[PDB]
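**Q** Contents of target_0.txt (compact mmCIF, C-alpha atoms and all ligand atoms):
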# COMPACT_ATOMS: atom_id res chain seq x y z
CA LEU A 3 289.05 223.50 120.41
CA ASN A 4 288.10 224.40 116.77
CA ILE A 5 289.68 221.24 115.36
CA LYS A 6 287.55 219.17 117.76
CA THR A 7 284.29 220.91 116.80
CA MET A 8 285.02 221.22 113.06
CA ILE A 9 282.24 220.62 110.48
CA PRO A 10 283.79 219.00 107.36
CA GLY A 11 283.19 220.42 103.91
CA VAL A 12 281.32 218.11 101.56
CA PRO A 13 283.21 217.04 98.43
CA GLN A 14 282.03 217.99 94.93
CA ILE A 15 279.75 215.26 93.61
CA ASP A 16 279.02 215.27 89.89
CA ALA A 17 275.41 214.10 89.95
CA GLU A 18 271.93 215.59 90.13
CA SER A 19 271.18 214.14 93.54
CA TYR A 20 272.80 212.17 96.36
CA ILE A 21 272.50 211.03 99.99
CA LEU A 22 274.84 209.30 102.49
CA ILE A 23 273.34 207.59 105.50
CA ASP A 24 274.67 205.47 108.29
CA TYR A 25 272.87 202.12 108.17
CA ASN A 26 272.60 201.62 111.98
CA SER A 27 271.70 205.13 113.24
CA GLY A 28 269.82 206.37 110.19
CA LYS A 29 271.82 209.63 110.35
CA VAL A 30 272.16 211.68 107.13
CA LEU A 31 275.82 212.63 106.74
CA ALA A 32 275.39 214.55 103.47
CA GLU A 33 272.58 215.18 101.00
CA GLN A 34 271.73 217.20 97.89
CA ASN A 35 268.33 217.23 96.17
CA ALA A 36 267.69 213.98 98.08
CA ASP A 37 263.87 214.23 97.85
CA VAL A 38 263.61 215.26 94.19
CA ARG A 39 261.56 212.73 92.18
CA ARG A 40 263.66 211.02 89.50
CA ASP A 41 263.40 208.00 87.26
CA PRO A 42 265.21 205.18 89.16
CA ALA A 43 265.35 203.04 86.00
CA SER A 44 266.62 199.52 86.83
CA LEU A 45 267.09 200.43 90.52
CA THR A 46 263.41 199.50 90.50
CA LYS A 47 264.75 195.93 90.85
CA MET A 48 265.82 196.79 94.39
CA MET A 49 262.14 196.89 95.43
CA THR A 50 261.44 193.79 93.31
CA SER A 51 264.23 192.04 95.17
CA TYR A 52 262.73 193.17 98.45
CA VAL A 53 259.39 191.59 97.70
CA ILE A 54 261.09 188.40 96.43
CA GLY A 55 263.17 188.18 99.59
CA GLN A 56 260.03 188.64 101.71
CA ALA A 57 258.43 185.74 99.81
CA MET A 58 261.48 183.50 100.43
CA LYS A 59 261.61 184.45 104.13
CA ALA A 60 257.91 183.48 104.41
CA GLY A 61 258.67 180.05 102.84
CA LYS A 62 256.45 180.44 99.71
CA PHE A 63 259.09 178.88 97.44
CA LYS A 64 262.76 177.90 97.56
CA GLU A 65 266.10 178.25 95.75
CA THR A 66 265.59 174.77 94.18
CA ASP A 67 262.02 175.23 92.79
CA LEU A 68 261.43 175.18 89.07
CA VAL A 69 259.82 178.04 87.16
CA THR A 70 258.15 177.68 83.75
CA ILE A 71 258.98 180.51 81.33
CA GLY A 72 255.76 182.18 80.10
CA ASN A 73 255.08 184.34 77.00
CA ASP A 74 255.09 187.21 79.45
CA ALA A 75 258.89 186.89 79.83
CA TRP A 76 259.41 186.53 76.05
CA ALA A 77 257.19 189.56 75.16
CA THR A 78 259.47 191.99 77.10
CA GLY A 85 265.84 184.05 69.34
CA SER A 86 269.57 183.76 68.62
CA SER A 87 270.99 185.16 71.87
CA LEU A 88 271.87 182.80 74.74
CA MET A 89 271.02 185.56 77.27
CA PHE A 90 267.21 185.31 76.78
CA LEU A 91 265.01 182.69 78.39
CA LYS A 92 263.30 180.36 75.91
CA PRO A 93 259.50 180.15 76.44
CA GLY A 94 258.29 176.90 78.01
CA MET A 95 261.72 176.08 79.45
CA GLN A 96 262.39 175.26 83.09
CA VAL A 97 264.78 177.38 85.14
CA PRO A 98 265.47 177.06 88.90
CA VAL A 99 264.59 180.05 91.14
CA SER A 100 268.28 180.24 92.13
CA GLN A 101 269.20 181.36 88.63
CA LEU A 102 266.33 183.79 87.86
CA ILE A 103 266.67 185.83 91.04
CA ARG A 104 270.26 186.72 90.09
CA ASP A 105 268.81 189.02 87.38
CA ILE A 106 269.46 191.80 89.90
CA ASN A 107 273.21 191.60 89.21
CA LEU A 108 272.78 191.89 85.42
CA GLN A 109 272.49 194.78 82.97
CA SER A 110 269.20 193.33 81.63
CA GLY A 111 267.74 189.96 82.65
CA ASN A 112 264.21 191.43 82.47
CA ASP A 113 262.56 188.26 81.18
CA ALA A 114 263.78 186.44 84.32
CA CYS A 115 262.46 189.33 86.32
CA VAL A 116 258.97 189.08 84.82
CA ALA A 117 258.89 185.26 85.09
CA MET A 118 259.68 185.51 88.82
CA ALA A 119 256.93 188.10 89.35
CA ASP A 120 254.31 185.73 87.85
CA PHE A 121 255.72 182.81 89.83
CA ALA A 122 255.57 184.64 93.18
CA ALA A 123 252.38 186.68 92.76
CA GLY A 124 250.39 185.15 89.88
CA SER A 125 250.76 188.17 87.58
CA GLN A 126 252.87 191.31 87.01
CA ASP A 127 250.13 193.70 88.14
CA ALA A 128 249.66 191.93 91.47
CA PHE A 129 253.45 191.96 92.06
CA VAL A 130 253.57 195.73 91.43
CA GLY A 131 250.69 195.93 93.88
CA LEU A 132 252.99 194.28 96.49
CA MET A 133 255.90 196.57 95.54
CA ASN A 134 253.78 199.68 96.11
CA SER A 135 252.29 198.37 99.37
CA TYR A 136 255.81 197.89 100.67
CA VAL A 137 256.54 201.50 99.64
CA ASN A 138 253.82 202.58 102.09
CA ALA A 139 254.85 200.12 104.82
CA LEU A 140 258.37 201.67 104.77
CA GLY A 141 256.98 205.22 104.81
CA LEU A 142 258.52 206.36 101.53
CA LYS A 143 257.04 209.65 100.31
CA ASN A 144 258.50 209.96 96.82
CA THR A 145 258.35 206.52 95.31
CA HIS A 146 255.92 204.80 92.98
CA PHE A 147 256.32 201.83 90.60
CA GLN A 148 254.60 200.60 87.49
CA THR A 149 256.61 197.54 86.42
CA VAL A 150 258.88 194.95 88.04
CA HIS A 151 261.92 195.90 85.95
CA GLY A 152 261.71 199.70 85.39
CA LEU A 153 262.09 199.64 81.60
CA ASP A 154 258.79 200.57 80.09
CA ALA A 155 257.29 203.16 82.43
CA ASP A 156 258.99 206.54 83.02
CA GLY A 157 255.94 207.37 84.97
CA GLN A 158 257.77 205.54 87.84
CA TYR A 159 259.81 207.62 90.24
CA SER A 160 261.94 207.50 93.32
CA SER A 161 264.50 209.71 95.05
CA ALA A 162 268.02 209.36 96.48
CA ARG A 163 266.70 209.24 100.05
CA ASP A 164 264.01 206.69 99.23
CA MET A 165 266.44 204.55 97.25
CA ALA A 166 268.87 204.68 100.24
CA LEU A 167 266.04 203.66 102.59
CA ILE A 168 265.20 200.72 100.29
CA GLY A 169 268.86 199.71 100.51
CA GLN A 170 268.58 199.88 104.28
CA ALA A 171 265.40 197.74 104.38
CA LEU A 172 267.04 195.16 102.10
CA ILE A 173 270.00 194.74 104.49
CA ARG A 174 267.83 194.79 107.63
CA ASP A 175 264.73 192.79 106.59
CA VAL A 176 265.93 190.23 104.04
CA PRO A 177 269.64 189.52 104.75
CA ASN A 178 269.60 186.27 102.74
CA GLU A 179 268.43 188.14 99.64
CA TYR A 180 270.90 190.97 100.26
CA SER A 181 273.81 188.49 100.08
CA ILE A 182 273.06 187.75 96.38
CA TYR A 183 274.33 191.29 95.59
CA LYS A 184 278.01 190.70 96.40
CA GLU A 185 278.33 187.67 94.11
CA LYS A 186 281.06 188.56 91.65
CA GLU A 187 280.47 185.66 89.29
CA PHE A 188 277.36 183.53 88.97
CA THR A 189 275.48 181.27 86.54
CA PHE A 190 272.57 182.79 84.58
CA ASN A 191 270.81 180.53 82.06
CA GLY A 192 273.55 177.87 82.23
CA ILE A 193 276.08 180.66 81.36
CA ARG A 194 278.81 182.33 83.43
CA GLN A 195 278.04 186.00 84.07
CA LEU A 196 279.74 188.93 85.84
CA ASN A 197 278.21 191.28 88.39
CA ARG A 198 277.69 194.74 86.97
CA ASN A 199 278.69 196.51 90.23
CA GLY A 200 282.37 197.25 89.52
CA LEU A 201 282.87 198.55 93.12
CA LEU A 202 282.80 194.94 94.26
CA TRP A 203 286.37 194.69 92.85
CA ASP A 204 287.66 197.86 94.54
CA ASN A 205 290.26 196.95 97.21
CA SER A 206 290.30 200.25 99.11
CA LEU A 207 286.67 199.59 100.25
CA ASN A 208 284.59 196.62 101.40
CA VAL A 209 281.63 197.10 99.08
CA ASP A 210 278.95 194.39 99.08
CA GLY A 211 276.09 196.16 97.28
CA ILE A 212 273.83 197.23 95.95
CA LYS A 213 272.59 198.07 92.48
CA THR A 214 273.91 199.99 89.48
CA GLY A 215 271.96 201.26 86.45
CA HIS A 216 272.00 203.57 83.42
CA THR A 217 269.62 204.94 80.81
CA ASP A 218 270.02 208.14 78.77
CA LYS A 219 267.07 209.93 80.46
CA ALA A 220 268.00 208.87 84.02
CA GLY A 221 271.82 209.03 83.73
CA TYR A 222 274.15 206.97 85.95
CA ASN A 223 272.64 205.68 89.17
CA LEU A 224 274.17 203.67 91.97
CA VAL A 225 273.16 202.63 95.46
CA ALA A 226 276.22 201.32 97.27
CA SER A 227 276.92 199.93 100.69
CA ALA A 228 280.29 199.50 102.39
CA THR A 229 281.58 198.48 105.79
CA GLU A 230 284.64 199.41 107.82
CA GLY A 231 284.71 197.60 111.12
CA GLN A 232 281.21 197.38 112.61
CA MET A 233 280.30 200.59 110.71
CA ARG A 234 278.09 200.50 107.61
CA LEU A 235 277.27 203.33 105.20
CA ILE A 236 274.78 203.54 102.35
CA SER A 237 274.97 206.01 99.49
CA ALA A 238 272.62 206.74 96.68
CA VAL A 239 273.86 208.74 93.74
CA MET A 240 271.34 209.57 91.06
CA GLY A 241 271.58 211.31 87.69
CA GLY A 242 275.36 210.98 87.61
CA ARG A 243 276.66 212.85 84.59
CA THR A 244 279.66 210.98 83.13
CA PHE A 245 280.78 207.43 82.43
CA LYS A 246 284.02 208.35 84.22
CA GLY A 247 282.21 209.13 87.47
CA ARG A 248 279.74 206.20 87.47
CA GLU A 249 281.63 204.49 90.34
CA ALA A 250 284.24 207.14 91.37
CA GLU A 251 281.61 209.63 92.66
CA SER A 252 280.11 207.12 95.12
CA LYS A 253 283.62 206.02 96.13
CA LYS A 254 284.33 209.65 97.05
CA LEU A 255 281.15 209.83 99.17
CA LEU A 256 281.75 206.60 101.09
CA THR A 257 285.44 207.40 101.68
CA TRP A 258 284.49 210.79 103.06
CA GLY A 259 281.91 209.38 105.52
CA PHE A 260 284.36 206.81 106.93
CA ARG A 261 287.09 209.41 107.30
CA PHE A 262 285.02 212.00 109.21
CA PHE A 263 282.36 209.96 111.07
CA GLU A 264 282.10 206.94 113.30
CA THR A 265 279.15 204.97 114.57
CA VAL A 266 279.03 204.06 118.23
CA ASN A 267 276.76 201.73 120.15
CA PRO A 268 276.73 203.07 123.74
CA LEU A 269 273.73 201.12 125.00
CA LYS A 270 272.32 197.71 124.10
CA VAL A 271 268.77 196.58 124.78
CA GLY A 272 268.40 194.62 128.06
CA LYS A 273 271.60 195.94 129.67
CA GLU A 274 271.27 197.81 132.93
CA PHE A 275 272.07 201.48 132.32
CA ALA A 276 271.03 202.53 135.84
CA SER A 277 269.32 201.34 138.98
CA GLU A 278 266.85 203.38 141.04
CA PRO A 279 264.88 203.05 144.34
CA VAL A 280 261.28 201.78 144.08
CA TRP A 281 258.72 202.50 146.79
CA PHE A 282 255.96 200.00 147.71
CA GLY A 283 257.28 197.12 145.58
CA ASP A 284 258.22 193.43 145.53
CA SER A 285 261.83 194.63 145.28
CA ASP A 286 263.34 197.96 146.35
CA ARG A 287 265.36 198.33 143.15
CA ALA A 288 264.33 199.28 139.59
CA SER A 289 266.48 198.10 136.72
CA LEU A 290 266.52 200.72 133.93
CA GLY A 291 267.66 200.73 130.29
CA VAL A 292 266.32 200.90 126.72
CA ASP A 293 263.94 198.78 124.63
CA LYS A 294 265.80 199.50 121.38
CA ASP A 295 269.58 199.47 120.74
CA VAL A 296 271.23 202.91 120.74
CA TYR A 297 273.32 203.78 117.72
CA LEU A 298 274.84 207.23 117.41
CA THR A 299 276.80 208.68 114.49
CA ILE A 300 279.37 211.22 115.68
CA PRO A 301 282.48 213.06 114.36
CA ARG A 302 285.32 210.52 114.22
CA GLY A 303 287.61 210.58 117.26
CA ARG A 304 285.04 212.11 119.64
CA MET A 305 284.00 208.79 121.28
CA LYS A 306 285.52 209.62 124.67
CA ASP A 307 283.93 213.09 124.95
CA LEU A 308 280.46 211.51 124.62
CA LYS A 309 278.43 211.79 127.87
CA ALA A 310 275.25 209.95 128.89
CA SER A 311 272.97 210.97 131.76
CA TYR A 312 269.30 210.51 132.64
CA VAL A 313 266.34 212.24 134.26
CA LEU A 314 263.22 210.58 135.68
CA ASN A 315 259.67 211.73 134.79
CA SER A 316 258.88 211.95 138.52
CA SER A 317 260.92 212.31 141.71
CA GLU A 318 260.30 208.76 143.02
CA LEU A 319 259.32 205.50 141.35
CA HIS A 320 256.25 203.92 142.91
CA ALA A 321 255.19 200.34 142.23
CA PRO A 322 253.67 198.81 140.28
CA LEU A 323 256.05 199.18 137.34
CA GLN A 324 255.54 197.23 134.14
CA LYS A 325 258.18 195.77 131.85
CA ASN A 326 259.23 198.37 129.21
CA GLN A 327 257.32 201.12 130.96
CA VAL A 328 258.78 204.50 130.08
CA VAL A 329 259.87 206.28 133.27
CA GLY A 330 262.40 208.81 132.05
CA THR A 331 264.87 210.05 129.46
CA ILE A 332 268.45 209.23 128.52
CA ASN A 333 270.36 212.23 127.18
CA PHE A 334 273.46 211.87 125.00
CA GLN A 335 275.86 214.78 124.92
CA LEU A 336 278.84 216.12 123.03
CA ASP A 337 280.33 219.36 124.40
CA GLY A 338 277.26 219.85 126.62
CA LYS A 339 274.96 219.79 123.57
CA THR A 340 272.19 217.16 123.57
CA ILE A 341 272.66 215.17 120.36
CA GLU A 342 270.13 212.40 121.08
CA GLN A 343 267.41 211.49 123.55
CA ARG A 344 265.93 208.06 124.23
CA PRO A 345 263.12 206.78 126.49
CA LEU A 346 264.39 205.26 129.73
CA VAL A 347 262.46 202.05 130.50
CA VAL A 348 261.95 199.56 133.35
CA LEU A 349 263.56 196.21 132.40
CA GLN A 350 261.83 193.88 134.91
CA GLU A 351 258.24 193.84 136.20
CA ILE A 352 257.98 195.27 139.72
CA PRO A 353 254.54 194.43 141.22
CA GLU A 354 253.02 195.98 144.37
CA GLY A 355 254.23 194.89 147.84
HG HG B 401 263.92 191.18 89.06
Would you write out, as structure tokens, the structure that this file holds?
**A**
Amino acid sequence: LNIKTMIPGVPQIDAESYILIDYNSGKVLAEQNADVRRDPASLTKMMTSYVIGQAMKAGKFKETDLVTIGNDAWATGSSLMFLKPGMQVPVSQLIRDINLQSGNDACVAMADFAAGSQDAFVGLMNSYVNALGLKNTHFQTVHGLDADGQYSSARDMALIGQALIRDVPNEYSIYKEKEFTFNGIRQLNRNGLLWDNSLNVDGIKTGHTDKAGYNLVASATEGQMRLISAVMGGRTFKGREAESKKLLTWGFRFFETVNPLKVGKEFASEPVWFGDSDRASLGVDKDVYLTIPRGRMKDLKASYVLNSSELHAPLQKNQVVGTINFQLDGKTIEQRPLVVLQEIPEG
């Protein structure tokens, strides 16, 4: 009864804003000031990474291509960390700047390489902001250092994490590298959560400045279930990783993600009048992912209604002809369009 239908309390999170989303269903499991505009600082590089990964998916350059270091990179002499102007560095090394505390010269050199100049790269960053439908994000630079006019939000930063994993998987995989070469030198990933053994963390990006505080976007899996958290304006060194750990742990403990219906699988079959065949094959045109309270998988009910009382030919492929209802304790928790899976022409 009441233990079945219980709504879990949200833990105390010591940050200005946060969000926890399931990667597959898009469901928000917890949120606080998730839309408030804040300085993302070096989390900016998440969008930069997105654009770079789009470039590499489109075949514009490769891991093995050589980049010339411009005076651009230098303008933002005894440290081995900095790129020397006029030197040649493979793309494979520069694009790892995402895992570093700084690496902003690499960042700028890659922007020029991919887009011709910094301003045009920022142009691409901000176009992708619109293409993803983000309402509270805007960028000024590729690295996020020099421009606390730039802003984002927990929700938007989580949605950028999502797009990274979905759209550019090959670029996303750079983020879990624990150790890697940068400028001929062995370097360590800044995301400490990569070394946590209680969770399978494989992303995404950590950052800190005094104005912005501690910020982290993390992603973890348990089974076929993936969560993303964004925690922004975290208040103490102590909590920089612990706070997000608390969020992710909570989501796995109280929620699960189920996949009741896959695209192209016959959910139901219905009589067709005046057709080639007498049978309509019905399902969905998009995979169904639902996030529900953990342990409630077997009380989940699916049923459907048709838009009309009979199906007359002709019927097109992916033609919407009804609704699939998903239910938990006779409450509708999700609806999807019910489509025809196979062309049925007239008799
Ligand atoms: Hg970068």
**Q** Can you work out which residues are within 10 Å of ligand HG 401 (chain B), considering all atoms listed in the file, and then hand them over as a short mmCIF file (atom, residue, chain, number, x, y, z; two decimals) with C-alpha atoms, keeping the file's coordinate frame?
**A**
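After the write, pocket_13.cif holds the following:
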data_model
loop_
_atom_site.label_atom_id
_atom_site.label_comp_id
_atom_site.auth_asym_id
_atom_site.auth_seq_id
_atom_site.Cartn_x
_atom_site.Cartn_y
_atom_site.Cartn_z
CA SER A 44 266.62 199.52 86.83
CA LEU A 45 267.09 200.43 90.52
CA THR A 46 263.41 199.50 90.50
CA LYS A 47 264.75 195.93 90.85
CA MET A 48 265.82 196.79 94.39
CA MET A 49 262.14 196.89 95.43
CA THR A 50 261.44 193.79 93.31
CA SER A 51 264.23 192.04 95.17
CA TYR A 52 262.73 193.17 98.45
CA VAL A 53 259.39 191.59 97.70
CA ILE A 54 261.09 188.40 96.43
CA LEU A 102 266.33 183.79 87.86
CA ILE A 103 266.67 185.83 91.04
CA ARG A 104 270.26 186.72 90.09
CA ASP A 105 268.81 189.02 87.38
CA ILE A 106 269.46 191.80 89.90
CA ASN A 107 273.21 191.60 89.21
CA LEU A 108 272.78 191.89 85.42
CA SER A 110 269.20 193.33 81.63
CA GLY A 111 267.74 189.96 82.65
CA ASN A 112 264.21 191.43 82.47
CA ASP A 113 262.56 188.26 81.18
CA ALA A 114 263.78 186.44 84.32
CA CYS A 115 262.46 189.33 86.32
CA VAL A 116 258.97 189.08 84.82
CA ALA A 117 258.89 185.26 85.09
CA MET A 118 259.68 185.51 88.82
CA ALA A 119 256.93 188.10 89.35
CA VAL A 150 258.88 194.95 88.04
CA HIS A 151 261.92 195.90 85.95
CA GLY A 152 261.71 199.70 85.39
#
**Q** Would you mind listing what lies within 10 Å of residue 173 in chain A as a compact mmCIF listing (two decimals) with C-alpha atoms, in the coordinates of the input, with all atoms listed in the file counted and same-chain residues fewer than 5 positions away left out?
**A**
# COMPACT_ATOMS: atom_id res chain seq x y z
CA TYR A 25 272.87 202.12 108.17
CA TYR A 52 262.73 193.17 98.45
CA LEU A 167 266.04 203.66 102.59
CA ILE A 168 265.20 200.72 100.29
CA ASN A 178 269.60 186.27 102.74
CA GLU A 179 268.43 188.14 99.64
CA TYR A 180 270.90 190.97 100.26
CA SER A 181 273.81 188.49 100.08
CA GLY A 211 276.09 196.16 97.28
CA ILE A 212 273.83 197.23 95.95
CA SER A 227 276.92 199.93 100.69
**Q** From the set A:197, A:311, A:158, A:326, which residue has the shortest atom-to-atom contact distance to residue 343 in chain A, counting all atoms listed in the file?
**A**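 Smallest distance to residue 343 in chain A is found for A:311.
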**Q** Can you work out which one of A:255, A:69, A:346, A:329 has the shortest atom-to-atom distance to residue 11 in chain A, counting only C-alpha atoms?
**A**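 Ranked by minimum distance to residue 11 in chain A, first place goes to A:255.
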**Q** Quick one: residues within 7 Å of range 61-66 of chain A, only C-alpha atoms counted, chain neighbours fewer than 4 positions away excluded, as a list in words?
**A** residues 57, 98, 99 and 100 of chain A
**Q** As an exercise, work out the distance from CA of residue 253 in chain A to CA of residue 207 in chain A in Å and give it to one decimal place.
**A**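 Taking CA of residue 253 in chain A and CA of residue 207 in chain A, their separation equals 8.2 Å.
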**Q** Let me know the centre plus edge lengths, in Å and rounded to one decimal, of a box with edges along x, y and z that contains all listed atoms of range 131-150 of chain A and is padded by 5 Å on every side, as lines of an AutoDock Vina configuration file.
**A**
center_x = 254.8
center_y = 202.1
center_z = 95.6
size_x = 18.2
size_y = 25.7
size_z = 28.4
**Q** Under the rule that only C-alpha atoms are counted, which of A:286, A:293, A:337, A:264 is the nearest residue to residue 29 in chain A?
**A**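 For residue 29 in chain A, the nearest of the given residues is A:264.
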**Q** Which residue gives the smallest distance to residue 156 in chain A among A:187, A:284, A:204, A:218, with all atoms listed in the file counted?
**A**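 Among the listed residues, A:218 lies closest to residue 156 in chain A.
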**Q** Between A:9, A:348, A:224, A:321, which residue has the minimum interatomic distance to residue 271 in chain A, considering all atoms listed in the file?
**A**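 Of A:9, A:348, A:224, A:321, the one nearest residue 271 in chain A, counting all atoms listed in the file, is A:348.
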**Q** Of the candidates A:92, A:234, A:320, A:243, which one gets nearest to residue 216 in chain A if we count only C-alpha atoms?
**A** A:243
**Q** Excluding residue 200 in chain A and any residue of its chain fewer than 4 positions from it, enumerate the residues within 10 Å of it, using only C-alpha atoms, and give them as a list in words.
**A**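 Returned residues: residues 186, 196, 204, 209, 214, 248 and 249 of chain A.
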**Q** Applying 10 Å and only C-alpha atoms, which residues near residue 252 in chain A remain after dropping the ones on its own chain fewer than 2 positions away? List them as a list in words.
**A**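 Residues near the query, excluding close chain neighbours: residues 15, 16, 17, 20, 21, 22, 201, 223, 224, 225, 226, 227, 236, 237, 238, 239, 240, 242, 247, 248, 249, 250, 254, 255, 256, 257 and 258 of chain A.
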**Q** What is the distance, in Å and to one decimal place, between CA of residue 351 in chain A and CA of residue 266 in chain A?
**A**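 Straight-line distance from CA of residue 351 in chain A to CA of residue 266 in chain A works out to 29.3 Å.
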**Q** Could you jot down the CA of residue 232 in chain A to CA of residue 273 in chain A separation for me, Å, one decimal place?
**A**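 It comes out at 19.6 Å.
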**Q** At a cut-off of 12 Å around the point (249.8, 195.2, 94.1) (file coordinates), what residues fall inside when counting all atoms listed in the file? I'd like the answer as a list in words.
**A**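 Checked against the point, the hits come out as residues 50, 53, 119, 123, 124, 125, 126, 127, 128, 129, 130, 131, 132, 133, 134, 135, 136, 137, 138, 146, 147, 148, 149 and 150 of chain A.
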**Q** Show me, as a ChimeraX atom specification, the residues that have an atom within 10 Å of residue 160 in chain A when counting all atoms listed in the file, minus same-chain residues fewer than 6 positions from it.
**A** /A:36-43,45-46,142-147,240
**Q** Identify the residues within 10 Å of coordinate (263.5, 211.4, 136.7) (same frame as the file), considering all atoms listed in the file, and give the answer as an MDAnalysis selection string.
**A** chainID A and resid 278 312:319 329:332 346
**Q** Could you save the residues just selected, with C-alpha atoms, as a short mmCIF file (atom, residue, chain, number, x, y, z; two decimals), in the coordinates of the input?
**A**
data_model
loop_
_atom_site.label_atom_id
_atom_site.label_comp_id
_atom_site.auth_asym_id
_atom_site.auth_seq_id
_atom_site.Cartn_x
_atom_site.Cartn_y
_atom_site.Cartn_z
CA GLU A 278 266.85 203.38 141.04
CA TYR A 312 269.30 210.51 132.64
CA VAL A 313 266.34 212.24 134.26
CA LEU A 314 263.22 210.58 135.68
CA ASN A 315 259.67 211.73 134.79
CA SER A 316 258.88 211.95 138.52
CA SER A 317 260.92 212.31 141.71
CA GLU A 318 260.30 208.76 143.02
CA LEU A 319 259.32 205.50 141.35
CA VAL A 329 259.87 206.28 133.27
CA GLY A 330 262.40 208.81 132.05
CA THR A 331 264.87 210.05 129.46
CA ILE A 332 268.45 209.23 128.52
CA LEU A 346 264.39 205.26 129.73
#
